[PDB]
Amino acid sequence: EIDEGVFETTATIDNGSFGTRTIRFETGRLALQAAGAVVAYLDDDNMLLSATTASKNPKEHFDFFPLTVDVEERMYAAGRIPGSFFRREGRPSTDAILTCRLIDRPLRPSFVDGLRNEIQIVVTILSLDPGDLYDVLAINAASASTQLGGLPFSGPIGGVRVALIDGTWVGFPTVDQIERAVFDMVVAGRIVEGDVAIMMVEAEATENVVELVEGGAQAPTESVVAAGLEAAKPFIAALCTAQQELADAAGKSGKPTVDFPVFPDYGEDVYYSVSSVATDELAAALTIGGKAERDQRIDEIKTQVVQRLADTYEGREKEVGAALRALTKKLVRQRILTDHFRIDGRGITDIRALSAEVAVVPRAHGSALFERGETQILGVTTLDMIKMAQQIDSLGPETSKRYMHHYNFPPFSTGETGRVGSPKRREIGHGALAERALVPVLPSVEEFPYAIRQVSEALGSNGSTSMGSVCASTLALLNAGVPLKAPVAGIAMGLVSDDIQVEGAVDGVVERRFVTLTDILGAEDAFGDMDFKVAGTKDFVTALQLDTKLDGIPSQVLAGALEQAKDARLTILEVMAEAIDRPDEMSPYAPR
Amino acid sequence: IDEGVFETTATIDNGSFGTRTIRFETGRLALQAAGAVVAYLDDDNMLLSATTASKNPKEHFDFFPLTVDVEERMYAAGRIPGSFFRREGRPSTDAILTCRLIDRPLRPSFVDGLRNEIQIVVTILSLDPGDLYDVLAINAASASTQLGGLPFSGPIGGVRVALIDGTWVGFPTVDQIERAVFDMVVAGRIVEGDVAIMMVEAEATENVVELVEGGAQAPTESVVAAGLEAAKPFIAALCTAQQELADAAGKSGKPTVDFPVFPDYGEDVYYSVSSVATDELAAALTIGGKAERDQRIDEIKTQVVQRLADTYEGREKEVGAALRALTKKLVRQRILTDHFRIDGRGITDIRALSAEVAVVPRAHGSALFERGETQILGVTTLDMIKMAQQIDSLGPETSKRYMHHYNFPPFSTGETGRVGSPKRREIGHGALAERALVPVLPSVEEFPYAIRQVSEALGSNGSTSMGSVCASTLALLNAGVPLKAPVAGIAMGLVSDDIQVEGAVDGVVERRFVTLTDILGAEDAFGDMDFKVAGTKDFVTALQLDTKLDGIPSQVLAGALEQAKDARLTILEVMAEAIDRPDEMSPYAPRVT
Amino acid sequence: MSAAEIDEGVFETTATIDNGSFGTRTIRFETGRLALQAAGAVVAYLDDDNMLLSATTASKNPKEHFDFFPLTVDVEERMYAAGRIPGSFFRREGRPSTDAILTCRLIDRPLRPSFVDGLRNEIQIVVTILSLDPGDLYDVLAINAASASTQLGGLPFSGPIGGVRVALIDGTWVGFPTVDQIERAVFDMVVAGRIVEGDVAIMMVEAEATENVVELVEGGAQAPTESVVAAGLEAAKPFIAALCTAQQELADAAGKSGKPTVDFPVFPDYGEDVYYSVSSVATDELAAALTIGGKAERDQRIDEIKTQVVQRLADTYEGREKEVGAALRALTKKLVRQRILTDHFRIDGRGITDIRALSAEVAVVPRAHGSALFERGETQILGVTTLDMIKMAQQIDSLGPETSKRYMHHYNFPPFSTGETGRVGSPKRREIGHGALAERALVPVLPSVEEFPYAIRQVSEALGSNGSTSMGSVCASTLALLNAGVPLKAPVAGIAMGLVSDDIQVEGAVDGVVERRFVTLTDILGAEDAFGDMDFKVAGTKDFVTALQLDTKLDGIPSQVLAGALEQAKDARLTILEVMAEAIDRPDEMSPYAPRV
RNA sequence: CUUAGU
């Protein structure tokens, strides 16, 4: 408390009858060399450091923002010797990769576009109670450190985990608290004009959802999910206020923006030169809506303008290419906003061509093949004795994982050559999403005493293959003979929000309009603004992944999008149930 | 059902042992890939082979970048993986061996100078516990590459044939192998209705000794030739099943997109180099001196590079490659006509050979083997039975009593490389050496130990696997394991071409084969087909063959095999005069019984 | 048969280390038999039972993109040398062990400065452990073999390097002790040097006090003080002379294994012209810039200099901006050095013996078994010790005598410590070496199993670093151990010093004698290391030194200056020890979350 | 581009 150590900002989370959680941020004492260094405390016991740093020299070879987030769950935080044969913390665990995914998802859009300086966020778990979780605290600490560092960060992201306990949404729940919860949610957001804007949502139904609902609780409907989105807003607001608002943490030091280079693809010359002689050339180039005929105009005009523009922009082919891509993106976005028609030629509620075959791989305990248009996932599930379940050791409360879901994404799925080996971060994230989707419906260990492993091999991809993996995995589980509570489905979804000028209504006044469309394609993911994946049974939503940058959407449109999600998931459920309705007889490997 | 399956069937007849069937399906799984084939065997084995091509060539790479990866997914065996992470990570040894088996015949079939990156990912979906999949992987990879619209030469079907009771049964199970004496994985293609063998991998089973004495005929090289002749109908059937109709466009595929080629010396540097640097190469080759050869050949290379560096600028690599090609052509001509080797040795002459025993102190067994520049230090250690490798995979083997580890440090050939995890080359070489040494091993009941034979290549000139076999058997004799019979090895090979003479009014183009012994890196670069043979004085234990020829009659195959046997016999005599009998156990080694 | 009665290119040489009463050792170098294809190959035997191979190879074309010398050292400690199959599930020699990494570090420390400066060819030295006594060590024999092989390779590597391991028992300094002898010893000293003018010119030495140092000292043995350390430095000189003469007997250009040396291109930084221009046009202003002494003024002046002299010179020497930067930093280092020799002033504005801003906080991290935070100057090191049941030791297996590391120190160096960015993954060689140094500094003062039956793991994360953080890690580990309540024999503190030696011409006698003067300074910094002609770090308790490191370049120093530097080390360590004792001095009660075995 | 929680 001598100097630079008195920042000492504090925020409070009032859960009502469940006590108050005291989040605390301090700086200026640890890691003075880093650009930003914030130590975050939860209930004066869970202490973790977050240090953000930036490379001195600008990078030009890289074509994308090289943000890297590493969390390091050092084992001494749990008061135990590491279980590795070398007694050292080796490669990051599955929880420590999900945590940095959760940090990266909202933080990456919060950096200004065109940034090409390496930004590394190291989140070290220096201490942690055996009954608390650090991922949300990791989000808060990383955002606070980046805000302190003076990097071109946006408003300080704030995250909170909220759980439905007997009707109320409790923020930052203890593991024992969420044990009795019925819906786990992680919400990360920022304040824009005095109200919070939702940036990232990660929702998983608790493994005891069925028992709690049968015992008297209420199932997590989409309306409940929207109410919960509205419930965690004050917590995110309070956590954001504890970063810079009122001369605290980053507010004590002020931290005005420091210089940093930006490398945009099209400043003013190439963009104008393509917009002048390209805007009128896309009047009706997407009318057929087919891979065989519609593309024949857009690709041909792309080649024509590429040849024509090669007269003053010598050596800037990437610039004109990016400008053309942005032009066609904006044009087709306007197409959806006005005509209400998609690039693929389908409507906003048109589910892609569905098919689901069961037991296609012999000698396997369970096999299924689920196809949605271009997308196609083969799921294989196998069962062995209880001792074969993974013995997970980590800072996390769990000790044994009896249901493993591994999502394999070989490079031939998209038709391009790559490297087969250790899966990247995104594959682990997709596998975790599918596993969280399938946990709440699995039978209990005593009822069904078999460890479950599920390999989901993506044999064909057109973007957002996790939900098809969920459907294929539940099909395969039904094939293998496991008794589920209810079949599950899942589907991705897009929401395009934009301000369009209307002339008929009074005069030429700009109004903001939203279009919610189903079955996001590979190129439709970049074509919207709020892209979210919803999975569940016909009774409740289990897995919900949401990531956006919009400055808030009304509850009405969010409820409508979730209702459309329920409808489409019901259609997928019907197409799954027609092929297989009951679990089949177990494979000959089943003991008597 | 849904149309678009395009099944094709091949029948493998085995007489009294039972007919098997191979099925090919396409257009159903992994459509987004350039080519995909789901291969079925016996209605219970399925594996998906998919090949893709990079949309842009890798102009930076100096070699054709083909990568074959096999994913032997553990769920095929109906068991959660035993790894602590419950996931299948690094490939096992069997996956690497299957990758080598697929790569070896399939690599040369692509056009020379191709620069696209191509990856063949063969996934093992379902597998019967008693059936093998590597040869089925060869078939599926060849079929998928054929349907992918790639510059593939042709279907490369293959078959595993085992010799049981004088009948060469194709595609045997694991159960039938214990009743067999020789394993022949043969992969080849048909050219004008006759198969042209591409690769051969031959292993004598671990019960060959106990069955040859029991009545079965020994795997003598004549029996080996009979087996290589026996697999031809199976190769033809599998190749025509992979081909069937036009298939690539008539049945399943895509309209062809041309793939660019990057020849090293197209037509400019080669013509000038041949026109201006022909006679000097002949004079240098006919100088008749090994030690004086370099002062002429390197000087000619330098002066040719200097003189030609006036018309061609920036093509120094091209003129160097053209000069190498010219030297290759004249060296092949010299071997065919003048019947001389660049070493100055005869076509049946082994290099300076020597074998020392007990060189490394405080080791359970050690030996050193030298052949000219090749020098291998093989160390074997004897530990308890419990210390055998507990290998678990899709393969039916659940342990490994004898493990051969082939270390190839970068200083073996003077290169400053990277020391660390072994590559695929050394895994394959170690597997070949272990397959050579397995048949002559003592029984586990009579001799209850786990053997870990390390072969460290201390000096290399290419083809050091068979020398590793010799050093391994020497060190095994030194350690004290009772060998069934000493086993040697040799790196054989031959040059095959055509020579035209006017002795019968021109047009007399005779196909000449010359078999030369103790090949080197240069000899590998010159020889058309190079093979390695290992075995005892009675029968052969290991045989590796890799070729590209359109056909060789049984006369030259028998002659080359017999010459290989003679070389093996001489090397065996030298090893015997080094050490003869299993001596006493080393004092440091433990005694359990 | 043996070697078929020599009669070949195989050449043999032997060196007899006359131990005295305890024994006598024989180190034999042989060449020409194994690994003929390598540039150089030497097989080294010790006691006719410890045989290893050393092969040195060089590339045929220098690698241009590397701005430094790309030397690689690999200690392939093959498992069959110990007569046991590896315990790995794959039954193969996997990643290099910790002791193998330490052996590569020991070989690399003196070898790297021996090669001619500016070399770009990739030099790989591979030492393979073929045989080993079950009670003998190999790292010293490994550096001997590596030096011999590099000498036989014909490389511009200058001077055979000898290495000895001297340990003292009951006042007698033996060379190459057996594991039992080092068990009975009270100080071990791995030394390495070269012969310059008929006398050894010491180059590297790492010193560790054995595990039973306190009991041996209380048993009557002389404690390993600074005088004893200097005596050990002096006793290893004849052994280095013998082990260098033996490798020199493999003569060059005389029909022996010494081959002719072919042209070996060397890439310099500032060869002959840019340096002259920089030292002519930017010498007076650069020298006058050091008069103020204000650290902020140093940056304010050096930024202007590096921005304006480059632009001024970027008119005649074009395309060599990095070269002129190299010349500028060389000039700055030279003027700083001459200032240090002349008026005893550092770049930090402190005096020769001025210690940094000491701070030591205890019990920083809550819920941990023990935590401490040590801040020396800008360096800030956090150390967390985790007590646990003895079943959680390290059940390592290797050729070395040890079988279980009861106390394990892990030194984490995240990339944000220095402000730059990187990858937080596997620990590099440097982190392994620093952790080993800290662990060896802490072993002599650790309680035995019977008194405190718990495995001890120390986790020292460098939260902020400015070079020479190993000793800060030692102090922080001691503080954290005291916090956790482990009964220590006595607190141990470390400190990293420097030494700058140069020559000036005294003309007072109108004769102008070129005399070499020495200045010893404490609390070395990140930038002062690049100026110092010698760098060392000393760690000790209140009484005796428990760890030592030395990596020099001078061709020998008098014992007077060495004793003075060691006394300076004692003074700095005593001040630091007083600071820590003020922070905490006694073993307090264990944290409730610690297991009570 | 990299090698131990079997």
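- The record lists cryo-EM as the method behind this PDB entry and 3.7 Å as its resolution.

- According to its PDB record, this entry is titled "PNPase of M.tuberculosis with its RNA substrate".

## Considering the interface of chain C and chain B
Point 1. Opposite the 38 residues of chain C that make contact, chain B presents 43 residues.
Point 2. At the boundary of chain C with chain B, total buried surface from both sides reaches about 3400 Å², with 55% on carbon and sulfur atoms.
Point 3. Where chain C touches chain B, the interface holds two salt bridges.
Point 4. Ionic pairing is found between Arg78(C) and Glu456(B), a salt bridge with its closest N-O pair at 3.0 Å.
Point 5. Where chain C meets chain B, there are twelve residue pairs in polar contact.
Point 6. Top element by residues in the side of chain C that touches chain B is strand β4 (residues 50-58) of chain C. It accounts for five residues.
Point 7. In the side of chain C that touches chain B, the residues fall into 20 nonpolar, seven polar and eleven charged.

## A closer look at the protein's contact with RNA strand D
Point 1. Not every one of the 18 residues close to RNA strand D is listed here, only the nearest: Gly83(A), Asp393(A), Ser88(C), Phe89(C) and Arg423(C).
Point 2. Contact between RNA strand D and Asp392(B): a base oxygen at 3.2 Å from a side-chain N or O atom of the residue.
Point 3. Of the residues belonging to the surface near RNA strand D, the class tally is five nonpolar, seven polar and six charged.

## Quick look at the interface of chain C and chain A
Point 1. With 41 residues of chain C at the contact, the number on the chain A side is 40 residues.
Point 2. In total, about 3400 Å² of surface goes out of reach between chain C and chain A, with carbon and sulfur atoms giving 56% of it.
Point 3. Taken as a group, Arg367(C), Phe416(C) and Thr421(C) account for 20% of the area that chain C buries against chain A, more than any other trio of residues on that side.
Point 4. Where chain C touches chain A, the interface holds three salt bridges.
Point 5. Here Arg74(A) and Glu461(C) are joined by a salt bridge, their closest N and O atoms 2.9 Å apart.
Point 6. Among the secondary structure elements, those contributing two or more residues to the side of chain C that touches chain A are β13 (379-389), β14 (407-412) and β15 (454-464) of chain C.

## Remarks on the packing of helix α7 (residues 274-281) of chain C against helix α10 (residues 321-343) of chain C
Residues and elements named next belong to chain C.
Point 1. Taken N-terminus to C-terminus, the directions of α7 and α10 make an angle of 50 degrees; their axes are 9 Å apart at the nearest point. In terms of axis orientation, α7 runs oblique to α10. Of the two possible hands of crossing, α7 and α10 adopt the one that is right-handed. Touching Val-274, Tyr-275, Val-278 and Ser-279 of α7 are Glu-323, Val-324, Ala-327, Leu-328, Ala-330, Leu-331 and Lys-334, all from α10.
Point 2. Split into classes, the residues belonging to the contact of α7 with α10 amount to eight nonpolar, one polar and two charged.

## Remarks on the side chain of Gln146(B)
All names here are of chain B.
Point 1. Along the chain, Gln-146 falls in helix α2 (residues 134-147).
Point 2. You can call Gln-146 buried: its relative accessible area is 14%.
Point 3. Within the structure, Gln-146 has its side chain in polar contact with the side chain of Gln-243 (distance 3.4 Å).

## Let's talk about a nonpolar patch on the surface
Point 1. Where nonpolar side chains cluster on the molecular surface, the patch consists of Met384(B), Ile385(B), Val444(B) and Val592(B) and spans about 340 Å² of accessible area.
Point 2. In this structure, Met384(B) sits in the loop between β13 (374-383) and β14 (402-407).

## Let's talk about the pairing of strand β12 (residues 365-371) of chain B
Residues and elements named next belong to chain B.
Point 1. Counting buried positions along β12 yields seven of seven residues, so the element is predominantly enclosed.
Point 2. As judged from the seven bridges shared by β12 and β13, these two strands associate in the antiparallel manner. Considered in β13, the bridge of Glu-370 is made with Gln-375.
Point 3. Counting the residues that bridge the hairpin from β12 to β13 gives two residues, and of these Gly-372 lies at a positive phi of roughly 65 degrees.

## Quick look at the sheet that holds strand β12 (residues 366-372) of chain A
All names here are of chain A.
Point 1. A sheet is described by the order of its strands in space; here five strands give the open sequence β11-β12-β13-β15-β14, paired in mixed fashion. Because the sheet does not close on itself, it has two edges, and the strands there are β11 (354-358) and β14 (403-408). Going from strand to strand, the sheet's axes swing by 15 degrees on average, the running direction of each strand aside.
Point 2. The sheet contact formed by β14 and strand β15 (residues 451-460) spans six bridges and is parallel.

## Focus on the environment of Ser399(B)
All names here are of chain B.
Point 1. If you trace the backbone, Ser-399 turns up in the loop between β13 and β14.
Point 2. Take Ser-399: its relative accessible area is 40%, and that puts it in the partly exposed class.
Point 3. C-alpha of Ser-399 to C-alpha of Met-199: the two residues are 200 residues apart in sequence and 28 Å apart in space.
Point 4. Once residues lying within four places of it in the same chain are set aside, the contact partners of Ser-399 are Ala-388, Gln-389 and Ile-391.
Point 5. Here the side chain of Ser-399 touches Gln-389 through a polar contact of 3.3 Å, landing on its backbone oxygen.

## With respect to the domain arrangement of chain A
Residues and elements named next belong to chain A.
Point 1. When the domains of chain A are assigned, the result is domain 1 (9-252), domain 2 (269-339) and domain 3 (347-592).
Point 2. A C-alpha centroid distance of 34 Å is found between domain 2 and domain 3.
Point 3. Counting residues at the interface gives seven residues for domain 2, matched by eleven residues for domain 3.
Point 4. Taking both sides of the interface into account, the surface hidden between domain 2 and domain 3 amounts to around 830 Å²; carbon and sulfur atoms contribute 67%.
Point 5. Considering only the side of domain 2, the residues that lose the most area to domain 3 are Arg-333, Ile-336 and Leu-337, jointly responsible for 71% of the buried surface there.

Rules used in this analysis
Residues numbered from 1 in each chain as written, not as in the entry; some residues may be left out. Chains lettered and ligands numbered in written order. Heavy atoms only, no water. Contact = heavy atoms within 4.5 Å. Buried area = accessible area lost by both parts, 1.4 Å probe. Salt bridge = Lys/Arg side-chain N within 4 Å of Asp/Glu carboxyl O. Polar contact = N/O pair within 3.5 Å; in protein donor to acceptor, adjacent residues only side chain to side chain. Helix = DSSP H or I, 4+ residues; strand = E, 2+ residues; numbered from the N terminus. Nonpolar A, V, L, I, M, F, W, Y, C, P; charged D, E, K, R; others polar. Near = heavy atom within 4 Å. Axes fitted to C-alpha atoms, helices over the stretch in contact; angles between N-to-C directions. Parallel < 35°, antiparallel > 145°, perpendicular 65-115°, else oblique. Left-handed = near helix turned anticlockwise from the far one by under 90°. Buried < 20%, exposed > 50% of the residue type's maximum accessible area, 1.4 Å probe, protein only. Patch = residues over 30% accessible without salt bridge, like charges linked within 9 Å, V, L, I, M, F, W, Y side chains within 5 Å. Areas by Shrake-Rupley, 256 points an atom, 1.4 Å probe, with all protein chains shown as cover. Pairing = 2+ DSSP bridges. Domains from an automatic or database assignment.

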